[PDB]
>>> print(open('data.pdb').read())   # PDB, C-alpha atoms (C1' of nucleotides) and all ligand atoms
ATOM      1  CA  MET A   1     105.466 103.142 135.210  1.00  0.00           C
ATOM      2  CA  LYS A   2     107.146 100.096 136.816  1.00  0.00           C
ATOM      3  CA  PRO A   3     110.637 101.442 137.686  1.00  0.00           C
ATOM      4  CA  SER A   4     110.429 105.250 137.339  1.00  0.00           C
ATOM      5  CA  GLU A   5     107.241 106.049 139.324  1.00  0.00           C
ATOM      6  CA  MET A   6     107.835 104.177 142.623  1.00  0.00           C
ATOM      7  CA  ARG A   7     111.449 104.933 143.659  1.00  0.00           C
ATOM      8  CA  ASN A   8     110.829 108.685 143.116  1.00  0.00           C
ATOM      9  CA  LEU A   9     108.191 108.664 145.871  1.00  0.00           C
ATOM     10  CA  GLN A  10     108.667 108.508 149.667  1.00  0.00           C
ATOM     11  CA  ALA A  11     107.328 105.749 151.961  1.00  0.00           C
ATOM     12  CA  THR A  12     104.975 107.793 154.191  1.00  0.00           C
ATOM     13  CA  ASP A  13     103.006 108.053 150.959  1.00  0.00           C
ATOM     14  CA  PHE A  14     103.587 104.301 150.326  1.00  0.00           C
ATOM     15  CA  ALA A  15     101.678 103.384 153.485  1.00  0.00           C
ATOM     16  CA  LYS A  16      98.499 105.159 152.376  1.00  0.00           C
ATOM     17  CA  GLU A  17      99.261 104.262 148.720  1.00  0.00           C
ATOM     18  CA  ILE A  18      99.088 100.655 149.670  1.00  0.00           C
ATOM     19  CA  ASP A  19      96.002 101.685 151.664  1.00  0.00           C
ATOM     20  CA  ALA A  20      94.147 103.214 148.710  1.00  0.00           C
ATOM     21  CA  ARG A  21      95.208 100.457 146.315  1.00  0.00           C
ATOM     22  CA  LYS A  22      93.688  98.060 148.819  1.00  0.00           C
ATOM     23  CA  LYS A  23      90.479 100.116 149.117  1.00  0.00           C
ATOM     24  CA  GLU A  24      89.854 100.065 145.389  1.00  0.00           C
ATOM     25  CA  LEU A  25      90.777  96.390 145.287  1.00  0.00           C
ATOM     26  CA  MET A  26      88.110  95.811 147.956  1.00  0.00           C
ATOM     27  CA  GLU A  27      85.349  97.819 146.270  1.00  0.00           C
ATOM     28  CA  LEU A  28      86.270  95.871 143.161  1.00  0.00           C
ATOM     29  CA  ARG A  29      85.647  92.650 145.084  1.00  0.00           C
ATOM     30  CA  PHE A  30      82.288  93.806 146.377  1.00  0.00           C
ATOM     31  CA  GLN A  31      81.396  94.658 142.797  1.00  0.00           C
ATOM     32  CA  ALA A  32      82.617  91.270 141.556  1.00  0.00           C
ATOM     33  CA  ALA A  33      80.495  89.213 143.941  1.00  0.00           C
ATOM     34  CA  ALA A  34      77.640  91.650 143.355  1.00  0.00           C
ATOM     35  CA  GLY A  35      78.234  91.498 139.613  1.00  0.00           C
ATOM     36  CA  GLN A  36      79.337  91.931 137.098  1.00  0.00           C
ATOM     37  CA  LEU A  37      82.995  93.009 137.324  1.00  0.00           C
ATOM     38  CA  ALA A  38      83.313  93.616 133.572  1.00  0.00           C
ATOM     39  CA  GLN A  39      87.049  94.331 133.905  1.00  0.00           C
ATOM     40  CA  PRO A  40      88.615  91.334 135.789  1.00  0.00           C
ATOM     41  CA  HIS A  41      92.098  92.409 134.684  1.00  0.00           C
ATOM     42  CA  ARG A  42      92.005  95.561 136.836  1.00  0.00           C
ATOM     43  CA  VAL A  43      92.020  93.303 139.892  1.00  0.00           C
ATOM     44  CA  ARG A  44      95.170  91.361 139.060  1.00  0.00           C
ATOM     45  CA  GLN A  45      96.765  94.554 137.803  1.00  0.00           C
ATOM     46  CA  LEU A  46      96.161  96.203 141.157  1.00  0.00           C
ATOM     47  CA  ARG A  47      97.716  93.142 142.727  1.00  0.00           C
ATOM     48  CA  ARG A  48     100.765  93.623 140.468  1.00  0.00           C
ATOM     49  CA  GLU A  49     101.033  97.295 141.434  1.00  0.00           C
ATOM     50  CA  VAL A  50     100.848  96.353 145.110  1.00  0.00           C
ATOM     51  CA  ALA A  51     103.587  93.778 144.842  1.00  0.00           C
ATOM     52  CA  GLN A  52     105.615  96.443 143.046  1.00  0.00           C
ATOM     53  CA  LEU A  53     105.046  98.959 145.872  1.00  0.00           C
ATOM     54  CA  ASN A  54     106.174  96.540 148.573  1.00  0.00           C
ATOM     55  CA  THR A  55     109.148  95.206 146.596  1.00  0.00           C
ATOM     56  CA  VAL A  56     110.073  98.845 146.258  1.00  0.00           C
ATOM     57  CA  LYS A  57     109.805 100.061 149.858  1.00  0.00           C
ATOM     58  CA  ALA A  58     111.629  96.850 150.821  1.00  0.00           C
ATOM     59  CA  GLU A  59     114.688  96.745 148.524  1.00  0.00           C
ATOM     60  CA  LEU A  60     114.859 100.538 148.933  1.00  0.00           C
ATOM     61  CA  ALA A  61     114.647 100.802 152.737  1.00  0.00           C
ATOM     62  CA  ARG A  62     117.342  98.097 152.802  1.00  0.00           C
ATOM     63  CA  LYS A  63     119.579  99.782 150.184  1.00  0.00           C
ATOM     64  CA  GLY A  64     119.410 103.195 151.834  1.00  0.00           C
ATOM     65  CA  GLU A  65     120.763 101.330 154.828  1.00  0.00           C
ATOM     66  CA  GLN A  66     124.228 101.239 153.247  1.00  0.00           C
TER      67      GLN A  66
ATOM     68  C1'   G B   1      35.451   4.341  88.969  1.00  0.00           C
ATOM     69  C1'   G B   2      32.293   4.143  94.193  1.00  0.00           C
ATOM     70  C1'   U B   3      31.625   0.988  98.730  1.00  0.00           C
ATOM     71  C1'   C B   4      33.726  -2.270 102.086  1.00  0.00           C
ATOM     72  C1'   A B   5      38.084  -5.461 103.447  1.00  0.00           C
ATOM     73  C1'   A B   6      43.475  -6.640 104.492  1.00  0.00           C
ATOM     74  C1'   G B   7      48.313  -4.506 104.382  1.00  0.00           C
ATOM     75  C1'   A B   8      51.880  -1.050 104.022  1.00  0.00           C
ATOM     76  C1'   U B   9      54.161   4.032 104.258  1.00  0.00           C
ATOM     77  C1'   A B  10      53.531  10.223 104.333  1.00  0.00           C
ATOM     78  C1'   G B  11      53.128  15.080 106.319  1.00  0.00           C
ATOM     79  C1'   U B  12      52.366  18.674 111.177  1.00  0.00           C
ATOM     80  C1'   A B  13      56.736  20.531 115.950  1.00  0.00           C
ATOM     81  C1'   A B  14      55.041  22.476 121.304  1.00  0.00           C
ATOM     82  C1'   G B  15      60.157  22.165 121.826  1.00  0.00           C
ATOM     83  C1'   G B  16      65.037  20.386 120.896  1.00  0.00           C
ATOM     84  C1'   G B  17      69.451  18.691 117.861  1.00  0.00           C
ATOM     85  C1'   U B  18      73.692  19.310 113.956  1.00  0.00           C
ATOM     86  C1'   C B  19      75.405  22.493 110.441  1.00  0.00           C
ATOM     87  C1'   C B  20      75.083  27.566 108.029  1.00  0.00           C
ATOM     88  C1'   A B  21      74.267  32.684 107.639  1.00  0.00           C
ATOM     89  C1'   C B  22      73.755  37.067 110.646  1.00  0.00           C
ATOM     90  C1'   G B  23      74.210  40.083 115.009  1.00  0.00           C
ATOM     91  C1'   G B  24      74.937  40.453 120.710  1.00  0.00           C
ATOM     92  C1'   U B  25      77.872  39.846 124.867  1.00  0.00           C
ATOM     93  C1'   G B  26      82.918  40.083 126.303  1.00  0.00           C
ATOM     94  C1'   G B  27      88.015  42.341 125.632  1.00  0.00           C
ATOM     95  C1'   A B  28      91.734  37.698 124.287  1.00  0.00           C
ATOM     96  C1'   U B  29      95.059  38.658 120.243  1.00  0.00           C
ATOM     97  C1'   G B  30      98.085  42.010 116.649  1.00  0.00           C
ATOM     98  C1'   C B  31      99.829  47.154 116.451  1.00  0.00           C
ATOM     99  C1'   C B  32     101.169  51.392 119.299  1.00  0.00           C
ATOM    100  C1'   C B  33     103.164  54.388 123.419  1.00  0.00           C
ATOM    101  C1'   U B  34     101.998  58.808 127.215  1.00  0.00           C
ATOM    102  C1'   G B  35     104.808  53.921 131.947  1.00  0.00           C
ATOM    103  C1'   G B  36     108.185  50.930 133.770  1.00  0.00           C
ATOM    104  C1'   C B  37     112.615  47.866 134.633  1.00  0.00           C
ATOM    105  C1'   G B  38     117.627  46.717 135.057  1.00  0.00           C
ATOM    106  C1'   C B  39     123.219  47.862 133.869  1.00  0.00           C
ATOM    107  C1'   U B  40     127.053  51.941 133.206  1.00  0.00           C
ATOM    108  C1'   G B  41     128.352  56.633 134.404  1.00  0.00           C
ATOM    109  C1'   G B  42     127.514  61.216 136.750  1.00  0.00           C
ATOM    110  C1'   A B  43     125.977  63.713 140.816  1.00  0.00           C
ATOM    111  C1'   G B  44     125.321  63.268 146.853  1.00  0.00           C
ATOM    112  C1'   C B  45     123.277  65.975 151.871  1.00  0.00           C
ATOM    113  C1'   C B  46     118.870  69.745 154.224  1.00  0.00           C
ATOM    114  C1'   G B  47     117.785  72.416 158.691  1.00  0.00           C
ATOM    115  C1'   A B  48     117.193  77.629 164.673  1.00  0.00           C
ATOM    116  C1'   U B  49     118.438  82.295 158.231  1.00  0.00           C
ATOM    117  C1'   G B  50     112.679  77.198 160.562  1.00  0.00           C
ATOM    118  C1'   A B  51     114.333  71.197 157.221  1.00  0.00           C
ATOM    119  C1'   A B  52     111.982  67.190 155.309  1.00  0.00           C
ATOM    120  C1'   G B  53     106.141  66.959 155.536  1.00  0.00           C
ATOM    121  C1'   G B  54     101.918  69.366 156.117  1.00  0.00           C
ATOM    122  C1'   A B  55      97.352  72.556 157.352  1.00  0.00           C
ATOM    123  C1'   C B  56      94.732  76.630 155.569  1.00  0.00           C
ATOM    124  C1'   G B  57      94.772  80.053 151.921  1.00  0.00           C
ATOM    125  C1'   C B  58      95.982  83.027 146.755  1.00  0.00           C
ATOM    126  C1'   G B  59      91.940  82.375 140.593  1.00  0.00           C
ATOM    127  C1'   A B  60      86.800  86.956 136.892  1.00  0.00           C
ATOM    128  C1'   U B  61      84.059  81.233 137.268  1.00  0.00           C
ATOM    129  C1'   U B  62      88.122  76.986 141.088  1.00  0.00           C
ATOM    130  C1'   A B  63      86.132  70.838 143.066  1.00  0.00           C
ATOM    131  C1'   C B  64      91.181  67.886 141.740  1.00  0.00           C
ATOM    132  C1'   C B  65      96.218  68.732 140.127  1.00  0.00           C
ATOM    133  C1'   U B  66      99.974  72.227 139.523  1.00  0.00           C
ATOM    134  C1'   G B  67     102.675  77.120 141.076  1.00  0.00           C
ATOM    135  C1'   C B  68     102.534  80.253 145.191  1.00  0.00           C
ATOM    136  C1'   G B  69     102.236  82.489 150.106  1.00  0.00           C
ATOM    137  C1'   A B  70      97.937  87.953 152.965  1.00  0.00           C
ATOM    138  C1'   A B  71     103.557  91.451 148.273  1.00  0.00           C
ATOM    139  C1'   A B  72      99.944  84.694 147.767  1.00  0.00           C
ATOM    140  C1'   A B  73      99.103  80.611 139.370  1.00  0.00           C
ATOM    141  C1'   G B  74     103.101  85.172 141.413  1.00  0.00           C
ATOM    142  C1'   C B  75     107.073  90.490 142.806  1.00  0.00           C
ATOM    143  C1'   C B  76     112.377  93.230 141.685  1.00  0.00           C
ATOM    144  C1'   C B  77     117.404  92.936 139.003  1.00  0.00           C
ATOM    145  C1'   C B  78     120.658  90.688 135.069  1.00  0.00           C
ATOM    146  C1'   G B  79     121.520  87.372 130.871  1.00  0.00           C
ATOM    147  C1'   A B  80     119.768  84.167 126.523  1.00  0.00           C
TER     148        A B  80
HETATM  149 MG    MG C 101      57.740  28.011 118.361  1.00  0.00          MG
HETATM  150 MG    MG C 102      95.951  72.513 146.496  1.00  0.00          MG
HETATM  151 MG    MG C 103     114.058  90.367 131.991  1.00  0.00          MG
END
>>> encode(input="data.pdb", output="structure tokens", more="lines below")
Ligand SMILES: [Mg+2]
Ligand SMILES: [Mg+2]
Ligand SMILES: [Mg+2]
Amino acid sequence: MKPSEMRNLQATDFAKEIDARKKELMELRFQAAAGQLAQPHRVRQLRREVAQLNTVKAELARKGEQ
RNA sequence: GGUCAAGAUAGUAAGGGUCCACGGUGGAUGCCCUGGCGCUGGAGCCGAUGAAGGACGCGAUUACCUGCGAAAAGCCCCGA
């Protein structure tokens, strides 16, 4: 999900979570410019997930520092 | 009526002229507003927490614009 699946997980996972999200994003690219990339959405969605992840580790790391 | 004689005037337009009909060119005029212009009133500073203003980037296809900043036409929270 968007709220309930990120803040339950710890950041040492986030680093390599980011990492794998990237990796798939990259292979996706290679596909795209190789053709055909029949599911363009998946790209932007992975973007969305990434932005989520970082927003999360950020707000969190700074709210645990209270 | 044919010949000859004397004398007179017609029509053709290569082209042009005036008018008429019919288009072409051009974009005046009328209408319209998606843009202005002034007056009244309101509001009036930004920035070392990086300003105004940019450069390069972010798109399934992206040259211009717009939005954005490698979390990149967007990301989290609340409210309509
Ligand atoms: Mg002639
Ligand atoms: Mg631009
Ligand atoms: Mg909302």
>>> closest_atom_pairs(input="data.pdb", of="chain B", to="chain A", cutoff="6 Å", atoms="all atoms listed in the file", output="CSV")
residue,atom,partner,partner_atom,distance
B:60,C1',A:40,CA,4.9
B:71,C1',A:51,CA,4.1
B:75,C1',A:51,CA,5.2
>>> resolve_selection(input="data.pdb", expression="the PyMOL selection byres (((not hetatm)) within 9 of (chain C and resi 101))", output="list in words")
residues 13, 14 and 15 of chain B
>>> resolve_selection(input="data.pdb", expression="the PyMOL selection byres (((not hetatm)) within 12 of (chain C and resi 102))", output="number ranges by chain")
B: 54-58, 62-68, 73
>>> atom_distance(input="data.pdb", atom1="CA of residue 18 in chain A", atom2="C1' of residue 59 in chain B")
21.6 Å
>>> residues_near_ligand(input="data.pdb", ligand="ligand MG 103 (chain C)", cutoff="9 Å", atoms="all atoms listed in the file", output="PDB file with C-alpha atoms (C1' of nucleotides), in the coordinates of the input")
ATOM      1  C1'   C B  77     117.404  92.936 139.003  1.00  0.00           C
ATOM      2  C1'   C B  78     120.658  90.688 135.069  1.00  0.00           C
ATOM      3  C1'   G B  79     121.520  87.372 130.871  1.00  0.00           C
TER       4        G B  79
END
>>> closest_residue(input="data.pdb", among="A:10, A:66, A:4, A:45", to="residue 22 in chain A", atoms="only C-alpha atoms")
A:45
>>> atom_distance(input="data.pdb", atom1="CA of residue 16 in chain A", atom2="CA of residue 57 in chain A")
12.7 Å
>>> atom_distance(input="data.pdb", atom1="CA of residue 6 in chain A", atom2="CA of residue 60 in chain A")
10.1 Å
>>> axis_aligned_box(input="data.pdb", around="range 29-47 of chain B", padding_each_side="8 Å", output="lines of an AutoDock Vina configuration file")
center_x = 111.7
center_y = 55.5
center_z = 137.6
size_x = 49.3
size_y = 49.8
size_z = 58.2
>>> closest_residue(input="data.pdb", among="A:13, A:26, A:1, A:63", to="residue 42 in chain A", atoms="only C-alpha atoms")
A:26
>>> build_atoms(input="data.pdb", residues="range 3-21 of chain A", atoms="N, CA and C atoms", output="tab-separated table (two decimals), keeping the file's coordinate frame")
chain	number	residue	atom	x	y	z
A	3	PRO	N	109.49	100.96	136.91
A	3	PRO	CA	110.64	101.44	137.69
A	3	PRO	C	110.52	102.92	138.11
A	4	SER	N	110.25	103.80	137.15
A	4	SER	CA	110.43	105.25	137.34
A	4	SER	C	109.41	106.00	138.21
A	5	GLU	N	108.29	105.36	138.57
A	5	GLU	CA	107.24	106.05	139.32
A	5	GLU	C	107.13	105.66	140.81
A	6	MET	N	107.90	104.65	141.24
A	6	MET	CA	107.84	104.18	142.62
A	6	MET	C	109.01	104.69	143.47
A	7	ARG	N	110.22	104.56	142.94
A	7	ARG	CA	111.45	104.93	143.66
A	7	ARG	C	111.67	106.45	143.76
A	8	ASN	N	110.81	107.22	143.07
A	8	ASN	CA	110.83	108.68	143.12
A	8	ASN	C	109.97	109.21	144.27
A	9	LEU	N	109.15	108.32	144.82
A	9	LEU	CA	108.19	108.66	145.87
A	9	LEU	C	108.60	108.09	147.25
A	10	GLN	N	108.23	108.82	148.30
A	10	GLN	CA	108.67	108.51	149.67
A	10	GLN	C	107.63	107.68	150.44
A	11	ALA	N	108.11	106.86	151.38
A	11	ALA	CA	107.33	105.75	151.96
A	11	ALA	C	106.11	106.12	152.83
A	12	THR	N	106.10	107.33	153.38
A	12	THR	CA	104.98	107.79	154.19
A	12	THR	C	103.75	107.97	153.29
A	13	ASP	N	104.02	108.12	152.00
A	13	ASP	CA	103.01	108.05	150.96
A	13	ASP	C	102.70	106.58	150.68
A	14	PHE	N	103.74	105.74	150.58
A	14	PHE	CA	103.59	104.30	150.33
A	14	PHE	C	102.59	103.61	151.24
A	15	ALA	N	102.61	103.97	152.52
A	15	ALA	CA	101.68	103.38	153.49
A	15	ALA	C	100.22	103.58	153.05
A	16	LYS	N	99.86	104.84	152.77
A	16	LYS	CA	98.50	105.16	152.38
A	16	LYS	C	98.24	104.90	150.88
A	17	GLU	N	99.31	104.61	150.14
A	17	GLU	CA	99.26	104.26	148.72
A	17	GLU	C	98.81	102.83	148.61
A	18	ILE	N	99.54	101.98	149.31
A	18	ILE	CA	99.09	100.66	149.67
A	18	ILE	C	97.63	100.73	150.12
A	19	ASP	N	97.36	101.56	151.13
A	19	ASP	CA	96.00	101.68	151.66
A	19	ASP	C	94.94	101.92	150.58
A	20	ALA	N	95.16	102.90	149.71
A	20	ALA	CA	94.15	103.21	148.71
A	20	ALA	C	94.04	102.12	147.64
A	21	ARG	N	95.18	101.54	147.28
A	21	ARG	CA	95.21	100.46	146.32
A	21	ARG	C	94.33	99.33	146.83
